[PDB]
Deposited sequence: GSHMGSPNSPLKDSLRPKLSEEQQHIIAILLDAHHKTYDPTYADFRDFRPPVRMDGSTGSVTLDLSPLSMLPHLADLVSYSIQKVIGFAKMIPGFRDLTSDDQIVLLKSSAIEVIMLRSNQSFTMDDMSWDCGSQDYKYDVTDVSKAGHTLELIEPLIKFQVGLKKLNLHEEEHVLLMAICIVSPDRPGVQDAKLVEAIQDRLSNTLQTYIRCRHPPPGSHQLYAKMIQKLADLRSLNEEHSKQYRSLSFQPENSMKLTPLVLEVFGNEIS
């Protein structure tokens, strides 16, 4: 059932994730310092964290089978629209349900709901974001399923501004069929029950999170004093 091409796709995506996600979190020392001790005291650190993660998301995307066959315009449209969603998905690796926080190896780099609020965001975003992290963690995805879901998210044909929607759809369909076949062949029950449908629900959840994050980002970044604390990459990708 899982064809050799489908096994190849999975192998490429696992390798791409290993090359672009560093679970030692060594580079966090390079970011502006978190300040917790109201002002948006965590904005400099979290802007650097987000900017670093965007770079890793682009590096992963470039390795998705078929992504490089798209025009530069379409690659750009797809990364601009999906980067926020892929950041939410990939951060699930460091999320822990012990205290509902993102634990990146040390106390300095352990982030909770208060840290997100100290970058300027409100419960309108943060409450659904925690519910998403919990629901995704509860799916107990195989790493194979986690990397396929990130790839499917990036290569979405309904993103605004997509030109060659039929080619985007053809690439995504190959990934979607790989995931559906992987679940049926390699994920034992009961964990596999309705798993594909539950993963696609997480993609719909991400669209809602994207819409809210974009609304609040627009309000935050409209104030020039906040935009001054962002990075050039964040301004280019999330908007200026």
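By the record, the deposited chain contains unmodelled runs at 1-17, 55-65, 269-271, with no C-alpha atoms placed there.
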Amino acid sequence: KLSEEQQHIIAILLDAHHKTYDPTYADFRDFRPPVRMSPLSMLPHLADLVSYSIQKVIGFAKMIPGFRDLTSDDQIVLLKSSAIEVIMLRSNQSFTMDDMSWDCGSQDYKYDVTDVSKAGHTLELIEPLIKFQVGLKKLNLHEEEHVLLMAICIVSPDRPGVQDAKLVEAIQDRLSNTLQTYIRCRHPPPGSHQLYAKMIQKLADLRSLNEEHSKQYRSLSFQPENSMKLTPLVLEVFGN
From here on, numbers count along this sequence of modelled residues.
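Superpose the two forms; the largest set of C-alphas matching within 1.5 Å is the rigid core.
Root mean square Cα distance to the shown form, taken over structures and residues in 9 other deposited structures of this protein after a core fit, is higher for 117-125 when 147-155 and 117-125 are compared. After a core fit, the C-alpha atoms in 9 other deposited structures of this protein lie farther on average from the shown form in one of 51-59 and 183-191, namely 183-191. Across the two stretches, 182-190 and 201-209, the PDB entry reports the greater mean Cα temperature factor for 182-190. For the pair 158-166 and 133-141, the record assigns the higher mean C-alpha temperature factor to 158-166.
Of the candidates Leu46, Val57, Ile64, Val35, the PDB record gives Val35 the highest C-alpha temperature factor. In the deposited entry, the Cα temperature factor of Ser214 places it in the middle third of its chain's modelled residues.
Per the PDB record, residue ranking by Cα B-factor puts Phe28 in the middle third of the chain. In the PDB entry, a CA B factor belonging to the middle third of its chain's modelled residues is recorded for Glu127. Per the deposited record, the Cα B-factor of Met42 falls in the middle third when ranked against the other modelled residues of its chain. In the deposited entry, the Cα temperature factor of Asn226 sits in the middle third of values across the chain's modelled residues.
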